[PDB]
$ cat data-v3.tsv   # TSV, C-alpha atoms and all ligand atoms
chain	number	residue	atom	x	y	z
A	11	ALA	CA	0.00	0.00	0.00
A	12	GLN	CA	1.50	3.34	-1.08
A	13	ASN	CA	1.98	6.17	1.48
A	14	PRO	CA	0.87	4.13	4.52
A	15	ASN	CA	1.73	6.92	7.00
A	16	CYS	CA	-0.62	9.32	5.02
A	17	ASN	CA	2.01	12.03	4.54
A	18	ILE	CA	1.27	15.07	2.41
A	19	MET	CA	3.04	14.51	-0.97
A	20	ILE	CA	4.49	17.24	-3.20
A	21	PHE	CA	4.57	16.79	-6.99
A	22	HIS	CA	6.65	18.47	-9.71
A	23	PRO	CA	5.00	17.54	-13.04
A	24	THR	CA	6.87	18.25	-16.25
A	25	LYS	CA	5.23	20.39	-18.95
A	26	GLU	CA	4.26	17.23	-20.77
A	27	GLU	CA	2.72	15.68	-17.64
A	28	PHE	CA	0.75	18.97	-17.10
A	29	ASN	CA	-1.35	18.44	-20.20
A	30	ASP	CA	-3.82	15.88	-19.09
A	31	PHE	CA	-5.40	16.89	-15.73
A	32	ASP	CA	-7.37	13.71	-15.05
A	33	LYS	CA	-4.43	11.50	-15.86
A	34	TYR	CA	-2.17	13.38	-13.44
A	35	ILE	CA	-4.72	13.15	-10.57
A	36	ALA	CA	-4.90	9.40	-11.18
A	37	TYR	CA	-1.08	9.24	-11.17
A	38	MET	CA	-0.87	11.04	-7.83
A	39	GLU	CA	-3.37	8.57	-6.38
A	40	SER	CA	-1.29	5.64	-7.74
A	41	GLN	CA	1.50	6.96	-5.52
A	42	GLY	CA	-0.83	7.15	-2.48
A	43	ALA	CA	-1.30	10.91	-2.40
A	44	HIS	CA	-4.98	10.74	-1.45
A	45	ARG	CA	-4.20	8.95	1.78
A	46	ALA	CA	-3.09	12.30	3.28
A	47	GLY	CA	-6.28	14.15	2.27
A	48	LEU	CA	-4.21	16.94	0.65
A	49	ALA	CA	-1.35	17.19	-1.97
A	50	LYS	CA	0.72	20.08	-3.29
A	51	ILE	CA	1.44	20.43	-7.06
A	52	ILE	CA	4.24	22.80	-8.16
A	53	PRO	CA	3.62	23.74	-11.85
A	54	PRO	CA	6.52	23.31	-14.39
A	55	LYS	CA	8.68	26.38	-14.82
A	56	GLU	CA	7.34	26.97	-18.34
A	57	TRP	CA	3.73	27.48	-17.08
A	58	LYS	CA	1.89	30.60	-15.99
A	59	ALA	CA	-1.71	31.30	-14.92
A	60	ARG	CA	-1.85	34.71	-16.58
A	61	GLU	CA	0.55	37.44	-17.71
A	62	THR	CA	0.29	39.85	-14.79
A	63	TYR	CA	-1.90	40.69	-11.76
A	64	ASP	CA	-1.43	44.47	-12.37
A	65	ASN	CA	-5.04	44.90	-13.38
A	66	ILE	CA	-7.24	43.26	-10.52
A	67	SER	CA	-7.98	46.14	-8.20
A	68	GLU	CA	-11.37	46.86	-9.79
A	69	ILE	CA	-12.88	43.42	-8.91
A	70	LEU	CA	-15.72	43.95	-6.42
A	71	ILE	CA	-16.09	42.15	-3.12
A	72	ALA	CA	-19.86	42.63	-2.74
A	73	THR	CA	-20.08	41.14	0.75
A	74	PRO	CA	-16.83	41.15	2.74
A	75	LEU	CA	-17.15	38.96	5.86
A	76	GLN	CA	-15.74	39.90	9.34
A	77	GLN	CA	-14.81	36.69	11.08
A	78	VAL	CA	-15.69	37.04	14.77
A	79	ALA	CA	-14.48	34.31	17.16
A	80	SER	CA	-15.95	32.82	20.41
A	81	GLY	CA	-14.32	30.31	22.74
A	82	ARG	CA	-10.71	29.67	23.78
A	83	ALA	CA	-7.55	30.11	21.72
A	84	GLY	CA	-7.34	26.49	20.65
A	85	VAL	CA	-11.10	25.63	20.48
A	86	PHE	CA	-13.37	28.29	19.01
A	87	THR	CA	-16.13	29.01	16.56
A	88	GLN	CA	-16.40	31.95	14.18
A	89	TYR	CA	-19.41	33.75	12.74
A	90	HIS	CA	-19.41	35.88	9.69
A	91	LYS	CA	-20.62	39.47	10.04
A	92	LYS	CA	-21.49	41.07	6.68
A	93	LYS	CA	-19.71	44.37	5.83
A	94	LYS	CA	-20.25	46.97	3.11
A	95	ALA	CA	-18.94	46.31	-0.42
A	96	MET	CA	-15.44	47.20	-1.38
A	97	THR	CA	-13.08	46.81	-4.35
A	98	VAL	CA	-10.02	44.53	-4.28
A	99	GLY	CA	-7.88	47.76	-4.22
A	100	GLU	CA	-9.74	48.99	-1.20
A	101	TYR	CA	-9.47	45.55	0.51
A	102	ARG	CA	-5.75	45.33	-0.16
A	103	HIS	CA	-5.21	48.73	1.46
A	104	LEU	CA	-7.25	47.57	4.48
A	105	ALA	CA	-5.24	44.29	4.78
A	106	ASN	CA	-1.99	46.37	4.75
A	107	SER	CA	-3.22	48.83	7.43
A	108	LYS	CA	-1.73	48.86	10.91
A	109	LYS	CA	-4.93	47.30	12.37
A	110	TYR	CA	-4.88	44.24	10.02
A	111	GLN	CA	-1.32	43.78	8.70
A	112	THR	CA	0.85	40.68	9.41
A	113	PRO	CA	3.07	41.32	12.51
A	114	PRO	CA	6.84	41.09	12.42
A	115	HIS	CA	7.91	37.47	12.58
A	116	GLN	CA	10.98	35.24	12.13
A	117	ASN	CA	9.63	32.50	9.85
A	118	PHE	CA	6.40	30.52	9.05
A	119	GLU	CA	6.66	28.60	12.35
A	120	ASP	CA	6.80	31.76	14.46
A	121	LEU	CA	3.83	33.16	12.52
A	122	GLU	CA	1.89	29.92	13.12
A	123	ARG	CA	2.55	30.24	16.84
A	124	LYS	CA	1.29	33.81	16.80
A	125	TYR	CA	-1.87	32.77	14.86
A	126	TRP	CA	-2.90	30.15	17.38
A	127	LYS	CA	-2.04	32.32	20.37
A	128	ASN	CA	-3.84	35.46	19.22
A	129	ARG	CA	-6.41	34.72	16.49
A	130	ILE	CA	-9.47	34.92	18.76
A	131	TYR	CA	-8.62	38.48	19.87
A	132	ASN	CA	-9.03	39.92	16.38
A	133	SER	CA	-11.75	39.93	13.71
A	134	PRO	CA	-10.13	39.87	10.22
A	135	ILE	CA	-12.20	40.55	7.07
A	136	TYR	CA	-12.32	37.81	4.33
A	137	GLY	CA	-13.57	38.21	0.63
A	138	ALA	CA	-14.88	34.72	0.07
A	139	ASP	CA	-16.76	32.76	-2.36
A	140	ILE	CA	-16.76	35.35	-5.26
A	141	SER	CA	-17.83	33.66	-8.55
A	142	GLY	CA	-15.14	34.30	-11.16
A	143	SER	CA	-11.67	33.36	-12.50
A	144	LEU	CA	-8.21	34.95	-12.90
A	145	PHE	CA	-6.87	32.34	-15.32
A	146	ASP	CA	-6.17	33.72	-18.82
A	147	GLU	CA	-8.42	32.12	-21.39
A	148	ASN	CA	-5.29	31.19	-23.29
A	149	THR	CA	-3.87	29.09	-20.40
A	150	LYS	CA	-4.66	25.55	-21.50
A	151	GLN	CA	-3.11	23.51	-18.68
A	152	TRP	CA	-4.67	23.39	-15.15
A	153	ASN	CA	-7.02	26.25	-15.93
A	154	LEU	CA	-9.64	25.95	-13.10
A	155	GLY	CA	-12.37	27.43	-15.27
A	156	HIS	CA	-11.91	24.76	-18.03
A	157	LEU	CA	-12.13	21.60	-16.05
A	158	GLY	CA	-14.52	18.69	-16.87
A	159	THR	CA	-17.75	19.26	-14.90
A	160	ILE	CA	-19.03	17.12	-12.01
A	161	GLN	CA	-22.34	16.75	-13.91
A	162	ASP	CA	-20.54	15.34	-16.85
A	163	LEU	CA	-18.55	12.92	-14.59
A	164	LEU	CA	-21.80	11.69	-12.97
A	165	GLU	CA	-23.30	11.25	-16.46
A	166	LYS	CA	-20.32	9.39	-17.77
A	167	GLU	CA	-20.09	7.03	-14.76
A	168	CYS	CA	-23.75	6.42	-14.03
A	169	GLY	CA	-25.59	7.27	-17.26
A	170	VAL	CA	-27.89	9.86	-15.81
A	171	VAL	CA	-28.18	13.36	-17.16
A	172	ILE	CA	-28.69	16.16	-14.61
A	173	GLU	CA	-29.09	19.93	-14.36
A	174	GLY	CA	-26.42	22.11	-12.71
A	175	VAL	CA	-23.24	23.93	-13.32
A	176	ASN	CA	-19.71	23.94	-11.76
A	177	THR	CA	-17.74	27.32	-11.81
A	178	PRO	CA	-14.71	28.62	-9.83
A	179	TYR	CA	-14.61	30.99	-6.90
A	180	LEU	CA	-12.13	33.69	-5.84
A	181	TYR	CA	-10.98	34.31	-2.27
A	182	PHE	CA	-9.28	37.48	-1.07
A	183	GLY	CA	-7.54	37.02	2.34
A	184	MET	CA	-5.63	38.94	4.97
A	185	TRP	CA	-3.68	38.06	8.07
A	186	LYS	CA	-5.63	35.67	10.34
A	187	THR	CA	-8.48	35.03	7.88
A	188	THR	CA	-9.53	31.50	8.66
A	189	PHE	CA	-11.12	28.48	7.00
A	190	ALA	CA	-12.86	26.21	9.50
A	191	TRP	CA	-12.61	22.38	9.65
A	192	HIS	CA	-14.64	20.85	6.78
A	193	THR	CA	-14.85	18.39	3.93
A	194	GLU	CA	-16.21	19.51	0.58
A	195	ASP	CA	-19.91	19.42	-0.40
A	196	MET	CA	-20.84	15.82	-1.11
A	197	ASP	CA	-17.19	14.90	-0.07
A	198	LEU	CA	-15.98	16.13	-3.51
A	199	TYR	CA	-12.38	16.94	-4.37
A	200	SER	CA	-11.22	20.55	-4.39
A	201	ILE	CA	-8.36	22.27	-6.17
A	202	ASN	CA	-6.99	25.63	-5.00
A	203	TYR	CA	-4.49	27.88	-6.80
A	204	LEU	CA	-2.77	30.69	-4.86
A	205	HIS	CA	-2.59	33.44	-7.54
A	206	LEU	CA	-0.68	36.08	-5.60
A	207	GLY	CA	0.39	37.42	-2.28
A	208	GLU	CA	1.19	35.91	1.08
A	209	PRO	CA	0.99	32.21	1.99
A	210	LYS	CA	-1.83	29.97	3.21
A	211	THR	CA	-1.20	27.34	5.94
A	212	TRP	CA	-3.26	24.14	5.74
A	213	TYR	CA	-4.05	21.38	8.27
A	214	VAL	CA	-5.57	18.06	7.08
A	215	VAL	CA	-6.83	14.76	8.55
A	216	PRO	CA	-6.36	11.58	6.46
A	217	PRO	CA	-9.74	10.41	4.99
A	218	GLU	CA	-9.35	7.03	6.70
A	219	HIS	CA	-9.36	8.86	10.06
A	220	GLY	CA	-12.02	11.49	9.45
A	221	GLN	CA	-14.47	9.97	11.94
A	222	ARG	CA	-11.82	10.51	14.75
A	223	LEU	CA	-11.99	14.23	14.04
A	224	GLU	CA	-15.82	14.13	14.02
A	225	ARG	CA	-15.91	12.41	17.43
A	226	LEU	CA	-13.57	15.00	18.95
A	227	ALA	CA	-15.61	17.82	17.46
A	228	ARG	CA	-18.80	16.41	19.05
A	229	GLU	CA	-16.99	16.40	22.42
A	230	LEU	CA	-15.60	19.93	22.02
A	231	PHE	CA	-18.75	21.58	20.65
A	232	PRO	CA	-21.47	19.69	22.53
A	233	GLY	CA	-24.43	22.18	21.96
A	234	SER	CA	-23.62	22.33	18.24
A	235	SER	CA	-23.54	18.53	18.04
A	236	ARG	CA	-27.04	18.24	19.66
A	237	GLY	CA	-28.32	20.78	17.13
A	238	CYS	CA	-27.07	18.86	14.08
A	239	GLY	CA	-25.63	15.40	13.37
A	240	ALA	CA	-23.26	16.94	10.69
A	241	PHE	CA	-22.51	20.35	12.18
A	242	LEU	CA	-19.00	20.50	10.64
A	243	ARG	CA	-20.96	21.15	7.38
A	244	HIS	CA	-21.69	24.60	8.94
A	245	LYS	CA	-18.02	25.47	8.48
A	246	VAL	CA	-17.59	27.40	11.78
A	247	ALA	CA	-15.43	25.25	14.09
A	248	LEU	CA	-11.69	25.54	14.75
A	249	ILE	CA	-9.45	23.20	16.71
A	250	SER	CA	-5.69	23.90	16.97
A	251	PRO	CA	-2.84	21.52	16.22
A	252	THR	CA	-1.96	21.45	19.92
A	253	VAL	CA	-5.46	20.31	20.85
A	254	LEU	CA	-5.47	17.74	18.02
A	255	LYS	CA	-2.12	16.30	19.29
A	256	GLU	CA	-3.43	16.20	22.92
A	257	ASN	CA	-6.35	14.14	21.71
A	258	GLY	CA	-4.39	11.78	19.50
A	259	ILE	CA	-5.97	12.92	16.20
A	260	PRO	CA	-3.81	12.06	13.16
A	261	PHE	CA	-3.13	15.15	11.00
A	262	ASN	CA	-0.53	16.93	8.88
A	263	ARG	CA	0.30	20.52	7.99
A	264	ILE	CA	1.82	22.38	5.03
A	265	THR	CA	2.17	25.94	3.81
A	266	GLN	CA	1.12	26.87	0.23
A	267	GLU	CA	2.91	29.75	-1.48
A	268	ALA	CA	1.93	31.89	-4.46
A	269	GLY	CA	2.13	29.94	-7.74
A	270	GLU	CA	1.30	26.57	-6.14
A	271	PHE	CA	-1.77	24.30	-6.37
A	272	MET	CA	-3.29	22.28	-3.55
A	273	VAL	CA	-5.73	19.36	-4.14
A	274	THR	CA	-7.99	18.12	-1.36
A	275	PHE	CA	-9.25	14.54	-1.72
A	276	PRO	CA	-12.71	13.11	-0.92
A	277	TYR	CA	-13.51	13.16	2.79
A	278	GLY	CA	-10.16	14.90	3.66
A	279	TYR	CA	-11.03	17.29	6.50
A	280	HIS	CA	-9.04	20.54	6.25
A	281	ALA	CA	-8.68	23.93	7.94
A	282	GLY	CA	-6.18	26.81	7.82
A	283	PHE	CA	-5.32	30.47	7.69
A	284	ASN	CA	-3.84	33.21	5.52
A	285	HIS	CA	-0.52	34.92	6.35
A	286	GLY	CA	-1.35	38.31	4.83
A	287	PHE	CA	-3.05	39.83	1.76
A	288	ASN	CA	-3.58	37.14	-0.92
A	289	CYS	CA	-5.86	35.93	-3.66
A	290	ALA	CA	-6.78	32.25	-4.31
A	291	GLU	CA	-9.08	30.51	-6.82
A	292	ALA	CA	-10.75	27.18	-6.06
A	293	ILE	CA	-13.33	24.77	-7.53
A	294	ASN	CA	-14.78	21.36	-6.73
A	295	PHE	CA	-14.27	18.41	-9.10
A	296	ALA	CA	-14.95	14.67	-9.29
A	297	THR	CA	-13.33	11.50	-10.62
A	298	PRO	CA	-14.66	7.95	-10.83
A	299	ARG	CA	-13.23	7.21	-7.41
A	300	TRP	CA	-15.37	9.98	-5.85
A	301	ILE	CA	-18.72	8.33	-6.60
A	302	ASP	CA	-18.55	5.95	-3.61
A	303	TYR	CA	-17.72	8.90	-1.29
A	304	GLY	CA	-20.61	10.92	-2.71
A	305	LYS	CA	-23.03	8.05	-1.98
A	306	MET	CA	-21.88	7.91	1.70
A	307	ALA	CA	-21.43	11.67	2.43
A	308	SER	CA	-23.11	13.06	5.52
A	309	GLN	CA	-25.54	15.65	5.24
A	310	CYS	CA	-26.77	18.66	7.28
A	311	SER	CA	-30.59	18.90	7.23
A	312	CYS	CA	-30.96	21.44	10.15
A	313	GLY	CA	-31.04	24.47	7.91
A	314	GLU	CA	-27.66	25.95	8.64
A	315	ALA	CA	-25.42	24.60	5.85
A	316	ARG	CA	-27.40	26.06	2.83
A	317	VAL	CA	-25.58	25.31	-0.49
A	318	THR	CA	-25.61	25.76	-4.22
A	319	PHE	CA	-28.24	24.85	-6.69
A	320	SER	CA	-26.15	22.04	-8.16
A	321	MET	CA	-26.02	19.93	-4.98
A	322	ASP	CA	-29.71	19.08	-5.37
A	323	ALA	CA	-29.12	16.61	-8.19
A	324	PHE	CA	-26.17	15.01	-6.42
A	325	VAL	CA	-28.32	14.22	-3.37
A	326	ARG	CA	-31.32	13.24	-5.48
A	327	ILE	CA	-29.43	10.67	-7.56
A	328	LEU	CA	-26.78	9.40	-5.14
A	329	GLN	CA	-28.76	9.59	-1.86
A	330	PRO	CA	-32.48	9.21	-2.70
A	331	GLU	CA	-33.39	7.98	0.84
A	332	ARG	CA	-31.95	11.22	2.35
A	333	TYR	CA	-33.26	13.57	-0.33
A	334	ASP	CA	-36.64	14.60	1.17
A	335	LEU	CA	-35.10	15.45	4.61
A	336	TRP	CA	-32.13	17.29	3.11
A	337	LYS	CA	-34.37	19.35	0.75
A	338	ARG	CA	-36.54	20.42	3.74
A	339	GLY	CA	-33.30	21.82	5.28
A	340	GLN	CA	-32.76	23.76	2.07
A	341	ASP	CA	-36.34	25.24	2.35
B	401	LIG	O1	-8.83	29.09	0.72
B	401	LIG	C1	-9.84	29.00	1.53
B	401	LIG	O2	-10.32	29.92	2.29
B	401	LIG	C2	-10.63	27.73	1.65
B	401	LIG	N1	-10.34	26.79	0.55
B	401	LIG	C3	-10.73	25.52	0.59
B	401	LIG	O3	-11.35	25.01	1.62
B	401	LIG	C4	-10.49	24.67	-0.59
B	401	LIG	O4	-9.83	25.08	-1.59
B	401	LIG	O5	-11.02	23.52	-0.51
B	402	MG	MG	-9.80	45.06	-12.07
B	403	NI	NI	-12.27	23.22	1.20
B	404	ZN	ZN	-26.79	21.44	10.36

$ encode --input "data-v3.tsv" --output "structure tokens"
Amino acid sequence: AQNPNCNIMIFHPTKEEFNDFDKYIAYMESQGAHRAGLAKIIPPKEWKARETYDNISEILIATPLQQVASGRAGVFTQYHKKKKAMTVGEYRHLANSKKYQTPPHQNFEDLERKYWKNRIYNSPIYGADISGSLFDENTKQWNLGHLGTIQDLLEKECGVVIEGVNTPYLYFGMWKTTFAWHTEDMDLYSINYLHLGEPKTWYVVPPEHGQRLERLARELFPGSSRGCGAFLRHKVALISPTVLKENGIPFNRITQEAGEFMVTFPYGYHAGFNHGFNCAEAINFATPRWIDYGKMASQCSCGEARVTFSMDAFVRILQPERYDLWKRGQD
């Protein structure tokens, strides 16, 4: 069995290997990459996403989100307070202001220490989930707006034709902006490209050990767990590496830098934070190996998780017994 310790693997495809996206995902899995829940892919030196980022300041962040924490430094939830619209140029200036800018630090490890010590005492503002793309239309390799769709994968594997679409999303971050512990909708894959700016640190639990994280989360967030049998789908809970280690939860960590891709694998729980002003693009995708995870994915039916239009068909076809309850939670 490849990668039995479930380490995060880093890949350096050649320009030739970068042509066929599906084939390369399958290659990484042949080497055991999925066992970690997360892999890094460094593009060949010949590749670029677009020519320059000199022209992005006019993108609008219609609903910036202030991420307000509650709890203790290592075990907390966050809620999102909506703020007035601003441009990417305005948001960049805000990220670089004395109130929000990255503190002086020695290295990524010192900054990680500072994040976990101090995160709860600040409320950083995140531009999340903005439909759009920064890949040039002429970029043919690993262009996240030109991937094969999840609807087409489901049709190819299962024969059924369904409604829905699958487009990318932009994320604008600042110091301490946080992504809570989660798997993807329907335990899909994700791919994330860091277009520009400061790094993103990731934490991940191997898929084979995801239920260990769920059981700890129920213990640590006991009111939330009574409210909903899949409350991690709410995407509000944070648990630090120190607390994970105290409780024996297997996990790994890695820092993504500008120009790098990360792939999350089905049922790979992940969380993390941004080091400073940055911009990422991400989208969900599927392969044949996903279908069994989609059929078994948990679902939130309490009303909180609320998701895209396109998840309806996935539930309806893969999880018909759960469909009526889940759709009530949508309505
Ligand atoms: O970058 C972020 O804030 C969150 N991204 C992801 O969870 C992802 O790409 O799957
Ligand atoms: Mg612009
Ligand atoms: Ni994710
Ligand atoms: Zn719920």

$ closest_atom_pairs --input "data-v3.tsv" --of "segment 205-302 of chain A" --to "segment 193-200 of chain A" --cutoff "7 Å" --atoms "all atoms listed in the file" --output "JSON lines"
{"residue": "A:273", "atom": "CA", "partner": "A:200", "partner_atom": "CA", "distance": 5.6}
{"residue": "A:274", "atom": "CA", "partner": "A:200", "partner_atom": "CA", "distance": 5.1}
{"residue": "A:275", "atom": "CA", "partner": "A:199", "partner_atom": "CA", "distance": 4.8}
{"residue": "A:276", "atom": "CA", "partner": "A:197", "partner_atom": "CA", "distance": 4.9}
{"residue": "A:277", "atom": "CA", "partner": "A:197", "partner_atom": "CA", "distance": 5.0}
{"residue": "A:278", "atom": "CA", "partner": "A:193", "partner_atom": "CA", "distance": 5.9}
{"residue": "A:279", "atom": "CA", "partner": "A:193", "partner_atom": "CA", "distance": 4.7}
{"residue": "A:280", "atom": "CA", "partner": "A:193", "partner_atom": "CA", "distance": 6.6}
{"residue": "A:292", "atom": "CA", "partner": "A:200", "partner_atom": "CA", "distance": 6.9}
{"residue": "A:293", "atom": "CA", "partner": "A:200", "partner_atom": "CA", "distance": 5.7}
{"residue": "A:294", "atom": "CA", "partner": "A:200", "partner_atom": "CA", "distance": 4.3}
{"residue": "A:295", "atom": "CA", "partner": "A:199", "partner_atom": "CA", "distance": 5.3}
{"residue": "A:296", "atom": "CA", "partner": "A:199", "partner_atom": "CA", "distance": 6.0}
{"residue": "A:300", "atom": "CA", "partner": "A:198", "partner_atom": "CA", "distance": 6.6}

$ closest_residue --input "data-v3.tsv" --among "A:186, A:58, A:316, A:45" --to "residue 123 of chain A" --atoms "all atoms listed in the file"
A:186

$ residues_around --input "data-v3.tsv" --residues "segment 325-333 of chain A" --least-positions-apart "5" --cutoff "9 Å" --atoms "only C-alpha atoms" --output "ChimeraX atom specification"
/A:170,172,196,301,304-307,309,338

$ residues_around --input "data-v3.tsv" --residues "segment 175-178 of chain A" --least-positions-apart "5" --cutoff "10 Å" --atoms "only C-alpha atoms" --output "ChimeraX atom specification"
/A:139-144,154-162,201-202,291-295,318-321

$ residues_near_ligand --input "data-v3.tsv" --ligand "ligand MG 402 (chain B)" --cutoff "7 Å" --atoms "all atoms listed in the file" --output "number ranges by chain"
A: 65-69
